């Protein structure tokens, strides 16, 4: 941490760069979390200056008047380099610009690819070919999409593998940076009270939920090509499945943890359409932005088939999980914002309360209002002896009010400086993900089934509820 570090924002000119990456690296700098000797270098097609990037990005910093001195130090340690994405000369200028930086030939190089997936191969080759420290380490941060299926992801993933070792590749699933998501492991493996119950003997099912109350909101053109499954299920929701299901690792080292995650996936068969319900939101007449359907987006092809809601049931066919359905439910334009892990436990054996009991559930609400609670039965207070539902809760907000939770990107980026791959997608992890959904996704493309309509603002298709019931979920 006494070494010089260079943080290279590739695609500096872009919106992600201006709205998220620059301010994220400001907040780590601001808070004194980065190495002392850190430089930021933007690179993009445009011919820009640090001055111009500051105008673009400084609105987004949430900067105060007492950070004026820090803000200027920060911009002092910024520079820019105009260049093209497959132009070997451009990378030459970039590499010697970096070398000209205080101890640049020594410095650890960190490349954030804030760019569309179409330039990834170009960029990763050029970086490898001409921008790599000879002394320092070189890490590369990459966002999704990682291919569109197993075949496309493999093409990309072999390219990069040919160029970089796994310990230089940091693929991002930003859910891996959320407070409650990271906390899953601690909940499970720090506590004895959650050990003996975490298996097929006690859990009737697991429900992994992703919901947003807004639709595609203008930009449904980008979405139409991807779909809800690819956008949210194959990545975020399955990451959570993995943390929920993984065996306990020997250590917290990055690859012991990821070995367990990938082991979970290897245990899961390809999804059969039989277990999938799809949905597409239509407008709501009885309601501004909610009045339009998915299709009333001008950016979305007429008569499109793309699903904005998917409910899918998976199985982890191993000793601990066999037969226990994992229900993955996701969609946009729904009744709420929520991201949630919910385990529904089995009924109690030998009931002595004449069926009045309700299944216990452990609930880890990821957002909003981060909390982890158990729904359980207690004797109805007062002059009664009938049990009733209640819950023991750890609601972050009451318990920890003062504390401010860092943003996923703040956490993750810091891990790249610190070298922790634990919270980043590995290549095997990545391909197991693709082989689980790939047959279904080709099917869909091939058979192009009409999603089930769902009115904007509802909980999604009734048929999704019907499915969950069929594999042994219980609504109460």
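Numbering follows the first chain given and starts at 1.
- Gap check for residue 287 to residue 288: 1 to 3 deposited residues are absent from the model.
- The deposited model assigns a higher average Cα B-factor to 385-393 than to the other stretch when 167-175 and 385-393 are compared.
- Between 79-87 and 277-285, the higher mean Cα B-factor belongs to 277-285.
- Within the selection 216, 95, 234, 209, the deposited Cα B-factor values reach their highest point at 216.
- When the C-alpha B-factors of 360, 318, 151, 183 are read from the PDB record, the largest value belongs to 151.
- The PDB entry assigns residue 442 a C-alpha temperature factor belonging to the highest third of its chain's modelled residues.
- When all modelled residues of the chain are sorted by CA temperature factor, residue 370 is found within the middle third.
- Residue 11: CA B factor lies in the lowest third for its chain, per the PDB record.
- The deposited CA B-factor of residue 436 belongs to the middle third of values across its chain.
- Residue 69 sits in the middle third of its chain by CA B factor, as recorded in the PDB entry.
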